[PDB]
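Report on the structure given below.
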Amino acid sequence: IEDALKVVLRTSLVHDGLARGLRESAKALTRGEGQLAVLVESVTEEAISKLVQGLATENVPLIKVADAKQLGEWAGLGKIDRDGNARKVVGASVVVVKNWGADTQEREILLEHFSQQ
Amino acid sequence: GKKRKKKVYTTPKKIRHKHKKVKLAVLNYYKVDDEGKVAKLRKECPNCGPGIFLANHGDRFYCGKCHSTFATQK
Amino acid sequence: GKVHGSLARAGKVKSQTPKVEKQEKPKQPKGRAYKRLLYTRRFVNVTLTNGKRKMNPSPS
Amino acid sequence: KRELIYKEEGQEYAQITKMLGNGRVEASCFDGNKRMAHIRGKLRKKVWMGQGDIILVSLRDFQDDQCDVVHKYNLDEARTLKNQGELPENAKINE
Ligand SMILES: [Mg+2]
Ligand SMILES: [Zn+2]
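As given, the protein sequences belong to chains M, f, e and i, one line each in that order.
Just so we're aligned: the first sequence equals residues 17 to 74, 76 to 134 in the deposited numbering.
Just so we're aligned: the second sequence equals residues 77 to 150 in the deposited numbering.
Just so we're aligned: the third sequence equals residues 2 to 61 in the deposited numbering.
Just so we're aligned: the fourth sequence equals residues 23 to 117 in the deposited numbering.
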């Protein structure tokens with residue numbers, strides 16, 4: 017569901033858990049750091065997503082949310098001073114959650130479900 | 077009182093060193109082994125730990141994190 | 002230097018002053034209406050009773 | 023030490039031949055012009071000058087007889103003029 021994703025992104029934004037990008041994401045996945053990964057399939061030439069898959073194959078669970086620009090928007094990359102979006106364009110190709118921070122029950126049931134697949 | 081003139085320089089210019097940005101930089105560091113295993117084209121640094129890639133320029137490999145203390149000939 | 006041009010040249014300040022265009026305005030009523038406006042502005046709409054009348058008070 | 027000011031669009035150099043009274047001077051401008059020079063503003067009683075002094079003077083295009091002296095050079099910026107040579111060098115003015 018949509019709720020657990022925003023909850024986990026908030027809990028990793030406040031405690032610096034988001035590997036906002038792909039190089040930091042790749043380094044976190046290579047290390048014992050990246051506990052979750054959200055990436056978009058609407059990526060040109062698709063090789064970055066394939067490389068990410070590989071990173072998660074070796076810290077396993079991944080999420081397949083679309084709308085890269087929207088993904089960055091609700092990923093907290095924006096300063097979002099006003100109520101509405103105050104920046105033209107901002108987005109993230111890959112988001113990696115390292116620090117689980119605060120825990121909510123619905124989100125943990127969701128991550129167990131996505132682990133079960 | 078002071079009588080100062082416009083300064084004249086016998087130097088053309090020194091320009092700010094612009095960082096060499098690379099698009100699609102990260103993927104060149106790795107290599108997908110046909111929908112499955114993946115390898116790394118660069119070498120891993122021992123002092124920092126897993127993940128950090130060595131820098132090969134010529135007959136040596138160089139680090140970025142502990143950059144100063146690691147420069148080992150190939 | 003000491004002088005930016007030929008010193009004794011005629012029409013100097015006139016030549017080099019910045020031409021600032023007239024500001025467009027609403028029409029100022031003329032005749033009896035103007036006298037009525039002045040009377041209202043001075044003897045029934047007393048603005049600065051302190052000191053003098055101080056018509057055209059500089060803004061500071 | 024101050025920068026020496028060159029002529030521009032009408033002003034020209036000259037040398038005082040004999041200084042008259044009432045703020046008047048006879049000045050030889052280096053176009054063969056034995057002109058009359060008037061002591062002028064910023065020059066009334068702030069800087070003093072004498073006979074045989076290098077001088078800079080602005081012309082008056084509506085009357086070429088008289089001309090208004092503006093700046094005086096202190097016998098060392100005169101030397102600089104002399105080396106760069108904008109004024110005729112067929113004249114010796116030394117101490
Ligand atoms: Mg006089
Ligand atoms: Zn290192």
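Using N, Cα and C, we set each Cβ at its ideal position, and we do this for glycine too.
I need the boundaries of the alpha helix (DSSP H) containing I64 (chain M), first residue and last residue. The residue you call residue 64 (chain M) lines up with position 48 of the first sequence. First-last of the alpha helix (DSSP H) with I64 (chain M): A63 to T73.
Under 6 Å Cβ to Cβ from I80 (chain M), same chain only, skipping five residues before and after it: list those, please. What you label residue 80 (chain M) is simply residue 63 of the first sequence in a count that begins at 1. Taken in chain order, the residues that qualify are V54.
Between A100 (chain i) and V79 (chain i), how many whole angstroms is the CB-CB distance? I'm expecting something under 8 Å. The count along the fourth sequence starts at 1 and reaches residue 100 (chain i) at position 78. The count along the fourth sequence starts at 1 and reaches residue 79 (chain i) at position 57. With a Cβ gap of about 14 Å, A100 (chain i) and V79 (chain i) do not count as contacting.
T145 (chain f), DSSP secondary structure in three states: As a position in the second sequence, residue 145 (chain f) is number 69, starting the count at 1. Shown here, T145 (chain f) sits in coil according to DSSP, grouped into three states, outside any helix or strand.
Do you know how far the Cα of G63 (chain i) is from the Cα of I115 (chain i)? Residue numbering aside, residue 115 (chain i) sits at position 93 when the fourth sequence is read from its first letter. Residue numbering aside, residue 63 (chain i) sits at position 41 when the fourth sequence is read from its first letter. About 26 Å.
According to DSSP, is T87 (chain f) part of a helix, a strand, or is it coil? Counting from one through the second sequence, the residue named residue 87 (chain f) turns up at place 11. In this structure, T87 (chain f) counts as coil in the three-state DSSP scheme.
Min CB distance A9 (chain e) to chain i below 8 Å: Here the question's residue 9 (chain e) lines up with position 8 in the third sequence. For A9 (chain e), a Cβ of chain i is located within less than 8 Å of the residue's own Cβ.
Quick one: grab the DSSP three-state call for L55 (chain M). What you label residue 55 (chain M) is simply residue 39 of the first sequence in a count that begins at 1. Looking at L55 (chain M) - three-state DSSP - the assignment turns out to be strand.
Listed by chain order, chain M residues near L130 (chain f) by CB distance under 7 Å: Sequence index remark: in the second sequence, residue 130 (chain f) carries index 54 (1-based). In chain order: nothing, as chain M lies at least about 14 Å away.
So, helix, strand or coil for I61 (chain i), using DSSP? Working through the fourth sequence from its first residue, we reach residue 61 (chain i) at position 39. Correct three-state label for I61 (chain i): strand.
Just curious, the beta strand (DSSP E) that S50 (chain i) is in, first and last residue? The sequence position of residue 50 (chain i) within the fourth sequence is 28, counting from 1. Per DSSP, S50 (chain i) belongs to the beta strand (DSSP E) from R46 to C51.
Just the residues with CB closer than 7 Å to a heavy atom of ligand 1, in chain order, which are they? Residue list for ligand 1: i:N44, i:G45, i:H60 and i:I61 (CB closer than 7 Å to any heavy atom, chain order).
Between the Cα of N55 (chain i) and the Cα atoms of i:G107, i:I38, i:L103 and i:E25, which residue gives the shortest distance? On the fourth sequence, position 33 is the one that residue 55 (chain i) refers to. When the alpha-carbon of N55 (chain i) is set against those of i:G107, i:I38, i:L103 and i:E25, the nearest one is in i:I38.
Identify which residue in M:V23, M:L94 and M:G70 has its Cα closest to the Cα of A85 (chain M). Counting from 1 along the first sequence, the entry for residue 85 (chain M) is found at position 68. Per the Cα distances, M:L94.
Assuming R82 (chain i) and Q88 (chain i) make a contact with CB atoms under 8 Å, what is their CB distance in whole Å? Here residue 82 (chain i) corresponds to residue number 60 of the fourth sequence, with the count starting at 1. Here residue 88 (chain i) corresponds to residue number 66 of the fourth sequence, with the count starting at 1. 7 Å between Cβ atoms; contact.
Out of M:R104, M:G48 and M:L52, which one is the CA nearest neighbour of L127 (chain M)? Within the first sequence, the letter at position 110 stands for residue 127 (chain M). For the residues M:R104, M:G48 and M:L52, the minimum Cα distance to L127 (chain M) belongs to M:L52.
CA-to-CA distance, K89 (chain f) to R47 (chain M), given in whole angstroms: For the purposes of this step, residue 47 (chain M) is taken as residue 31 along the first sequence, with counting starting at 1. For the purposes of this step, residue 89 (chain f) is taken as residue 13 along the second sequence, with counting starting at 1. Taking the CA atoms as reference points, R47 (chain M) sits about 44 Å from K89 (chain f).
Given 7 Å as the limit, tell me if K116 (chain f) has its C-beta closer than that to any heavy atom belonging to ligand 2. Taking the first residue of the second sequence as 1, we reach residue 116 (chain f) at position 40. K116 (chain f) Cβ: outside cutoff for every heavy atom of ligand 2.
Which runs of the beta strand (DSSP E) at least 3 residues long sit entirely within the segment 98-128 of chain M? Give them in chain order. The segment 98-128 of chain M contains these whole beta strand (DSSP E) runs: 111-114.
Check the DSSP bridge columns for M41 (chain i) and list the partner residues they point to. Position 19 of the fourth sequence holds residue 41 (chain i). i:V47.
Which residue spans inside the segment 70-105 of chain i form an unbroken beta strand (DSSP E) run of at least 3? Qualifying beta strand (DSSP E) stretches, in chain order: 76-80 and 88-94.
How big is the Cα-Cα spacing for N44 (chain i) and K23 (chain i)? The residue you call residue 44 (chain i) lines up with position 22 of the fourth sequence. The residue you call residue 23 (chain i) lines up with position 1 of the fourth sequence. Computed Cα separation, rounded: 31 Å.
Is residue 119 (chain i) close to chain e, meaning its C-beta is less than 8 Å from at least one C-beta of that chain? Past the edges of chain i, shown from 23 to 117, lies residue 119 (chain i), and the structure says nothing about it.
Inter-residue spacing [alpha-carbon to alpha-carbon] between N57 (chain e) and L38 (chain e): For this step, residue 57 (chain e) is matched to residue 56 along the third sequence. For this step, residue 38 (chain e) is matched to residue 37 along the third sequence. Each residue's Cα considered, the two are about 15 Å apart.
Answer yes or no: do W117 (chain M) and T27 (chain M) have a C-beta to C-beta separation smaller than 8 Å? Position 100 of the first sequence holds residue 117 (chain M). Position 11 of the first sequence holds residue 27 (chain M). Yes; because the gap between Cβ atoms is below 8 Å, this pair is in contact.
Neighbour-count burial assignment, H93 (chain i), 16 or more Cβ in a 10 Å radius: Walking along the fourth sequence from the start, residue 93 (chain i) turns up at place 71. With 16 or more Cβ atoms within 10 Å of its Cβ, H93 (chain i) is classed as buried.
Near-chain f residues of the segment 25-51 of chain M (beta-carbon distance less than 7 Å), N- to C-terminal order: Using a CB distance below 7 Å, the part of the segment 25-51 of chain M facing chain f consists of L38, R39, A42, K43, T46 and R47, ordered along the chain.
Using a beta-carbon distance below 8 Å, is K115 (chain M) in contact with chain f? Here the question's residue 115 (chain M) lines up with position 98 in the first sequence. Between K115 (chain M) and chain f, the shortest Cβ-Cβ separation is not below 8 Å.
Would you say the beta carbon of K22 (chain M) comes nearer than 7 Å to a heavy atom of ligand 2? As a first step, residue 22 (chain M) must be located in the first sequence, where it is residue number 6. Result no, Cβ not under 7 Å from ligand 2.
Given that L103 (chain f) touches chain M, what residues does it touch there, using C-beta distances under 7 Å? Here residue 103 (chain f) corresponds to residue number 27 of the second sequence, with the count starting at 1. Those within 7 Å of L103 (chain f) in chain M are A63, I64 and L67.
Span of the beta strand (DSSP E), counted from its first residue to its last, around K36 (chain e): Position 35 of the third sequence, counted from the first residue, corresponds to residue 36 (chain e). For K36 (chain e), there is no enclosing beta strand (DSSP E); the enclosing alpha helix (DSSP H) covers residues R33 to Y40.
I believe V91 (chain i) touches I77 (chain i) by the beta-carbon criterion, under 8 Å. Please report the beta-carbon distance rounded to the nearest angstrom. Counting from 1 along the fourth sequence, the entry for residue 91 (chain i) is found at position 69. Counting from 1 along the fourth sequence, the entry for residue 77 (chain i) is found at position 55. Contact between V91 (chain i) and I77 (chain i) holds, since their C-beta atoms are separated by about 5 Å, short of 8 Å.
Taking CB distances under 8 Å as the criterion, tell me whether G140 (chain f) reaches chain M. Here residue 140 (chain f) corresponds to residue number 64 of the second sequence, with the count starting at 1. Taking Cβ atoms only, chain M never reaches closer than 8 Å to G140 (chain f), which makes this a no.
Would you please verify whether the beta carbon of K64 (chain i) is less than 8 Å from any beta carbon of chain e? Numbered from 1 along the fourth sequence, position 42 holds the residue referred to as residue 64 (chain i). Taking Cβ atoms only, chain e reaches closer than 8 Å to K64 (chain i), which makes this a yes.
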